[PDB]
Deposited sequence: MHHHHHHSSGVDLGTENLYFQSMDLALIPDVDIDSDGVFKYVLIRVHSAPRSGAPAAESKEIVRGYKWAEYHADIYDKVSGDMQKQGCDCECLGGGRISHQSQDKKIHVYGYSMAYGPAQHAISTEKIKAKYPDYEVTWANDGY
């Protein structure tokens, strides 16, 4: 038979928390046909905690993941500013320019900035 792969269109490009500073990762999801997604959550003690949660979820849907890097996101809803910066020891620094491309697409009325 043939196996129907997850439509990546239905995987949110961005899922981040609000009003505060938190770890994030940039993940490549394979159908597996691939795209980069931003995931960042206040509950995560480590970047690896985010990647483990996300890649587990993806694996449930038959997708495979690669972590491309991480850092931090500062989300200020009051000021409609999102800043993406920093690094991950486990995964290296993400190319925050990619992350911000995603973020800006979802929060187009925000000032979306990066460093590096």
Legend entry - Stretches of the record's deposited sequence for which the structure holds no C-alpha atoms: 1-17, 50-57, 142-144
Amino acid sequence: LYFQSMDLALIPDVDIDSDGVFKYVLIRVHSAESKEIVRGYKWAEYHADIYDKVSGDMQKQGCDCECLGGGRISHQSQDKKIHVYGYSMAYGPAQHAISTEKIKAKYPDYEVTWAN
From here on, numbers count along this sequence of modelled residues.
Inset, instruction - Would you mind comparing 53-61 and 83-91 for me and telling me which has the higher average C-alpha temperature factor in the entry? - result: 53-61
Inset, instruction - Name the higher of the two by mean Cα B-factor in the PDB entry, 5-13 versus 20-28. - result: 5-13
